[PDB]
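Engineer: Provide a 3D model corresponding to the input given below.
(one chain, ligands or ions: 1)
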Amino acid sequence: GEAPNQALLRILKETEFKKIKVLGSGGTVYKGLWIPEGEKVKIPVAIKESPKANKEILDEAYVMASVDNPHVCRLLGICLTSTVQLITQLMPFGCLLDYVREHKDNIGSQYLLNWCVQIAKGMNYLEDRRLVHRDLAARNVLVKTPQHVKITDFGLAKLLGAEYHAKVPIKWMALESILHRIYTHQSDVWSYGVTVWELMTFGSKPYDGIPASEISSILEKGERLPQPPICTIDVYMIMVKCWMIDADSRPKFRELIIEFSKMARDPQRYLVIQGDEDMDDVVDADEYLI
Ligand SMILES: *CCC(=O)Nc1cc(Nc2nccc(-n3cc(CN(C)C)c(-c4ccccc4)n3)n2)c(OC)cc1N1CCOCC1
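Structural biologist: Numbers count the residues shown, from 1 in each chain. Here you go, the structure:
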């Protein structure tokens, strides 16, 4: 027996939004203000604006409405206009992949290790809610402040019952997923390892210049992503443990929290980086609880 999902799905009027600029297209992601009726608050939001693709975006809203954790992006509501719109909290600093790329020369060890802690906390929460993400990557981690990141993009996420089978991001998937289309929380751990490598290399592309069709044979021969320059063996060994063939001998998200937490207490024993060492009624969504 599975527990009843008593999450609320907030349907928001279209007149409650004063959508401002466009953030980025691909669909489209807007930014704007959400002003609930006569609540005297202005909440900065992001809005994601024809066919059966409506089914997918609503499957996304189902997952996002059913999560509540400081390191997971939650759905504020949907607007049922001509198009189905997803309304989420504005993450004003962008995605973490763009952030580490545009700020390499100003990111210290404490920030890198804290992000690894927070991402592991969010993933451990998803595991607690029996959620396999299947698209964990630096591009899908958003930055509320440089000290606070959250996981987003649940378009591939699936709810395990009391391994899931099935276009996918090859250079982030465990071998068993590339080969057998098998996805578990431990295959998420593999993607976590690639995501940490992304941060540790300040946004390098994993297997840059290697066709995705070759990834399965490369991983089978025993090859893995190289040790990033700033990484001590301690940190790189954690990433290598995420890439083991035996999925059960990979670290659990609850262990990665612990390990990175200890390292974040002495961040330079583990990362070697040169240089280390309107408004008025605006309320962040994390402070608007209903
Ligand atoms: C890495 C790409 C990116 O997201 N850039 C970005 C993000 C944000 N802030 C933001 N706030 C709330 C929600 C989002 N957001 C972005 C995305 C796109 N994916 C890749 C993360 C989604 C999304 C959610 C679910 C399903 C599909 C997509 N939600 N982003 C920015 O606001 C400041 C600005 C930017 N970029 C700035 C630099 O140029 C590119 C855009």
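Engineer: for the rest of this, base every contact and every neighbour count on C-alpha atoms.
Structural biologist: Noted.
Engineer: from the stretch 151-290 of the chain, which residue is nearest to the ligand?
Structural biologist: Going by C-alpha to the nearest ligand atom, the ligand is nearest to residue 153 of the stretch 151-290 of the chain, at 3.7 Å.
Engineer: just give the number of residues close to that residue.
Structural biologist: Using other C-alpha atoms under 10 Å, the number of residues around residue 153 comes to 20.
Engineer: now do the contacts for it.
Structural biologist: Counting by C-alpha atoms under 8 Å, 6 or more residues apart in numbering, residue 153 touches 135, 140.
Engineer: show me which residues of this protein are close to the ligand?
Structural biologist: 23-24, 46, 89-95, 97-98, 139-140, 152-153 (C-alpha under 6 Å from any ligand atom).
Engineer: which ones among those map onto strands?
Structural biologist: 23, 24, 46, 89 (DSSP state E).
Engineer: just the buried ones among those, please.
Structural biologist: Applying 16 or more other C-alpha atoms under 10 Å to these, the neighbour count classes 46, 89 as buried.
Engineer: farthest pair in the ones in strands among the residues of the chain next to the ligand?
Structural biologist: 24 and 89 (15.4 Å; C-alpha to C-alpha).
Engineer: tell me the phi and psi of residue 142?
Structural biologist: With angles defined as degrees, to the nearest 10, residue 142 sits at phi -100, psi 160.
Engineer: and stretch 144-160, which residues are buried?
Structural biologist: Neighbour-count burial for stretch 144-160 [16+ other C-alpha under 10 Å]: 144, 146, 148-158.
Engineer: taking the residues you listed, tell me the two that lie furthest apart.
Structural biologist: Spatial extent of these (C-alpha to C-alpha) is set by the pair 146 and 158 at 29.0 Å.
Engineer: of the buried residues of stretch 144-160, which is the nearest to residue 52?
Structural biologist: Looking across the buried residues of stretch 144-160 and measuring by C-alpha to C-alpha, the closest to residue 52 is residue 155, at 14.3 Å.
Engineer: does that closest one sit in a helix, a strand or a coil?
Structural biologist: With DSSP: H, G, I helix; E, B strand; the rest coil as the basis, residue 155 sits in coil.
Engineer: now do the same contact list for it.
Structural biologist: Residue 155 makes contacts with 56, 57, 59, 60, as judged by C-alpha under 8 Å, 6+ apart.
Engineer: how many other residues sit next to the second one?
Structural biologist: This means residue 57. By the criterion of other C-alpha under 10 Å, residue 57 has 19 neighbours.
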